[PDB]
């Protein structure tokens, strides 16, 4: 009894300044969403000959780890809440902190050697997963953002009816799996994925490219500039509309 509800009241929201503590909960969320994406990449590595949809579904289930970590630990994920029924200066704080968390996990994943796993296939999986996010028209990217954050917010929202750990965790699997297998776009998730792809594209050894049968040229859209303009901006706009789409 009691120990459990102690740990999860300390997980929750909406004292505005002190930030810093908010900035640190948001770094935490960036690390959790980065975990989700690494899990996804691990599970879908080598699944090129499975049925498309089945691979993606399993990657999706695995990814829900990230959001579970955010809700049970009480980290602060950009616009993931909006069970704020009783703003934007605070959003900037969370966003920038999400970003730092994600970039810290990129650095750590890079230092681990993991791109070489499965004879380079893990790294190529990152290269292709990131590259596929790079070819949307602006309207597409905004719409895929709308869809992703819709699902994240509904997941979080259901979580509240939760009484047990089981309830709060597992009610989030299906909607999270749904957006991730469907390839909807979440901006914070992308702050890990596309950077991770950029780092791999720029610092992979000649050996890696031989092993995987590609070259850094095959991935010409993975650049910080292109990332910001072609993905991050229109996706982020899309996530805002997405999380807002419900309220109205």
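Residue numbers count along the first chain shown, from 1.
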Could you tell me how many residues of the deposited sequence sit unmodelled between residue 86 and residue 87 (none, 1 to 3, 4 to 9, 10 or more)? 10 or more
Which has the higher mean CA temperature factor in the PDB entry, 146 to 154 or 77 to 85? 77 to 85
Can you let me know which of the two, 22 to 30 or 49 to 57, has the higher average C-alpha B-factor in the entry? 22 to 30
Record-listed C-alpha B factor of residue 210: chain third: middle
Residue 104: CA temperature factor from the record, placed by chain third, in the middle
Going by what the PDB entry lists, where does residue 98 fall on CA B-factor within its chain: lowest, middle or highest third? middle
Going by the recorded CA B-factors, say which third of the chain residue 90 sits in, lowest, middle or highest. highest
Thinking about Cα B factors across the chain, which third does residue 160 belong to? highest
